[PDB]
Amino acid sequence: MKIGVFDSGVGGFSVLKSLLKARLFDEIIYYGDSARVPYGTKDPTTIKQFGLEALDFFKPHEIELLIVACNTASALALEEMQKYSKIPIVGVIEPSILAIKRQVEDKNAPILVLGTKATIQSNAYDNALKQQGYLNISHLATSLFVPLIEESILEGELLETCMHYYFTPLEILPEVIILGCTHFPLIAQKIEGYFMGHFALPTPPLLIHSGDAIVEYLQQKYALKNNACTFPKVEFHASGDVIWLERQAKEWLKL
């Protein structure tokens, strides 16, 4: 089985890592639109066209399924992409909704959605959760987390101050935190730590990881038993910084 993975850049690596461990596919074609990253600060119209152009990139690769690892693209371009695509396209939003549905029985549990400005503004998460019966939903566009993470500021006073900037205004004790952005898993522990040290939470909140969530979904939906190639063929492509992207793949994914 040969599939594709699309993201605005290298961020999607966080989703790809999960996919690789789950041995769901024998071959993966990763494509990052690095020349235009980030997507999170842009509008729906622009994002949708980006999504459509991504489909064009994959046509020669003859993939049988496309994973939109980008949360922003999943929120703004997924519907349009699915409209014209002949192969199934799976985003990272619905899988997380289902993940929450399975592990969060209390419909009143306070849920906090974190993502880019575009993702949050879209209310993609909020709407899906409401449809599933959840009644305590809060969202925050922690936009600066993206560039900080890209500069590798994964700890220290600057990150702490940035988290403080976004989280201080919160008047809820989150029991569930959605890491609704490809970049957020890289500071998940820091985020959990902030809430445990700045709030009176009795126990750490449940963190929803987009990659683990989509893995769960794919296994069930497509009846995949984790028996694909052990050392799968993976290609990395991008609209820019491709040499760099390949280096990142070897350095962090050992591919």
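Don't overthink the numbering: it's just position in the shown sequence, from 1. In this text, the rigid core denotes the largest set of C-alpha atoms whose superposition between the two forms falls within 1.5 Å.
- Superposing each structure in 4 other deposited structures of this protein on the rigid core shows that the farther-lying of 201 to 209 and 28 to 36, by root-mean-square Cα distance, is 201 to 209.
- Each structure in 4 other deposited structures of this protein is fitted to the shown form on the rigid core, and of 231 to 239 and 9 to 17 the C-alphas lie farther away on average for 231 to 239.
- Looking at mean Cα B-factors across 42 to 50 and 192 to 200, the upper value is held by 192 to 200.
- 120 to 128 and 166 to 174 differ in mean CA B-factor, and the higher of the two is recorded for 166 to 174.
- Of the candidates 213, 229, 187, 69, the one whose C-alpha carries the top B factor in the deposited record is 229.
- Sorting the modelled residues of the chain by their CA temperature factor places residue 102 in the highest third.
- In this PDB entry, the Cα temperature factor of residue 56 sits in the top third of its chain's modelled residues, the highest group.
- When the CA B factors of the chain's modelled residues are split into thirds, the value for residue 183 lands in the lowest one.
- Sort the modelled residues of the chain by CA B factor and residue 238 lands in the lowest third.
- In the deposited entry, the Cα temperature factor of residue 29 sits in the bottom third of values across the chain's modelled residues.
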